[PDB]
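Asker: need a 3D model of the following:
(one chain, ligands or ions: 1)
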Amino acid sequence: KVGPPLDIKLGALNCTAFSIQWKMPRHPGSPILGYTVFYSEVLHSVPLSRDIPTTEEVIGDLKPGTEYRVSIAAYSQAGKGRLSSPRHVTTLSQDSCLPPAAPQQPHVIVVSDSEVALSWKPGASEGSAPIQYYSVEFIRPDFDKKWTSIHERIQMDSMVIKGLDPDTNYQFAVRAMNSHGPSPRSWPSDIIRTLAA
Ligand SMILES: *[C@@H]1O[C@H](CO)[C@@H](O[C@@H]2O[C@H](CO)[C@@H](O[C@@H]3O[C@H](CO)[C@@H](O)[C@H](O)[C@@H]3O)[C@H](O)[C@H]2NC(C)=O)[C@H](O)[C@H]1NC(C)=O
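Answerer: Numbering: from 1, shown residues only. Sharing the structure here:
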């Protein structure tokens, strides 16, 4: 019986998601218990549906550059309310949610038996959003089959890495992050050996 939700607002967040916001229906006969959100790809087709207690929601795991038809209905103690007029929204184009290009191959200079100096430059593009931080991985080519992450974020374009094994060959690589995610790895640095203990 109750009217459809009012003041619906939707915006594409990124390539795979959009957020939806609305107001309580006017003059409800009974307390609103929740809402039901219906959406389908874009002549109507059978839609997916999500039930939520609040007046706003984020709809994720969508396809890039695709238009969606969205409707909302409120449910109360007297059944399902009237369904709002359909709203359309398009997820961002893939070129628009790009993560940054891989940073340039880093320069490496041995410092001690357990330390190494390292520096890098950003890539040709920051992607679709400015770089927020860098990440650094390392690997011992003689024994390791996989890269190891350094669980810190760097706003500098250089750093000194400590705690390495003495008399060991190492290589290093860098990735840049924006709000859209990680870049590919930089080229690996040239092999460099720590001083023996
Ligand atoms: C595009 O937008 C969507 C929606 O904002 C992003 O997905 C969301 O990513 C966040 C952060 O990773 C997720 O939050 C996390 O959820 C669980 C606990 O519920 C846990 O992994 C973390 O503690 C954190 O709270 C959120 O669930 C997720 N929402 C989805 C998938 O619907 C997405 O990362 C954005 N970027 C891209 C490139 O798609």
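Asker: going forward, measure contacts between C-alpha atoms and count neighbours the same way
Answerer: OK.
Asker: can you pull out the helices in the protein?
Answerer: Counting by DSSP state H, the chain forms no helices at all.
Asker: and residue 137, how many residues sit next to it?
Answerer: 18 (other Cα atoms under 10 Å).
Asker: now do the one 10 residues further on
Answerer: Counted with other Cα under 10 Å, residues neighbouring residue 147 total 15.
Asker: against residue 9, how distant is the nearest residue to it once chain neighbours are set aside?
Answerer: Nearest non-adjacent residue to residue 147, counting by Cα to Cα, 6 or more residues apart in numbering: residue 139, 5.0 Å away. Using Cα to Cα, to the nearest Å, residue 139 is found at 48 Å from residue 9.
Asker: more neighbours, these two?
Answerer: Each of residue 139 and residue 9 has its neighbours counted (other Cα under 10 Å); residue 139 has more, 19 against 12.
Asker: ok, what's across the strand from that one?
Answerer: In this entry, residue 139 is beta-bridged to residue 171, by DSSP bridges.
Asker: measure it to the ligand for me?
Answerer: Distance, residue 139 to the ligand, using Cα to the nearest ligand atom, to the nearest Å: 27 Å.
Asker: so what's that residue up against?
Answerer: 145, 146, 147, 148, 170, 171, 172 (Cα atoms under 8 Å, 6 or more residues apart in numbering).
Asker: of the residues you listed, buried ones?
Answerer: Buried members of the contacts of residue 139, scored by 16 or more other Cα atoms under 10 Å, are 170, 171, 172.
Asker: wait, which of these is closest to the ligand?
Answerer: Proximity of these to the ligand was ranked by Cα to the nearest ligand atom; the top entry is residue 172 with 25.5 Å.
Asker: wait, isn't that closest one in contact with residue 188?
Answerer: Yes: at 5.5 Å, residue 172 and residue 188 qualify as touching, with contact defined as Cα atoms under 8 Å.
Asker: could you chop this structure up by domain?
Answerer: As assigned by automatic domain parsing, the chain contains the domains 6-96, 107-193.
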